Amino acid sequence: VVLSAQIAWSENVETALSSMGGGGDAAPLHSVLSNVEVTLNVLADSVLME
């Protein structure tokens, strides 16, 4: 599970960085960070219960 969460993050961040290198506009890294934060919120809401 941790390996999958790491590989997906590594591929997404590299794709966003390639997009930044090419276009040079805005930041898909913001989208990656937002997705990570949403996943973190879901995880943190799933540990308070049994």
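When the count follows the entry's author numbering, it moves up by one through the sequence shown with no breaks and lands on 1799 for the last residue. Idealized CB from N, CA, C, for every residue including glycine.
- Under the three-state reduction of DSSP, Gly-1772 is assigned to helix.
- Under the three-state reduction of DSSP output, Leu-1778 falls in the helix class.
- With respect to the 7 angstroms criterion, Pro-1777 and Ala-1793 are not classified as neighbours on the basis of their beta carbons.
- The Cβ-Cβ distance between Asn-1761 and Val-1781 falls below 7 angstroms.
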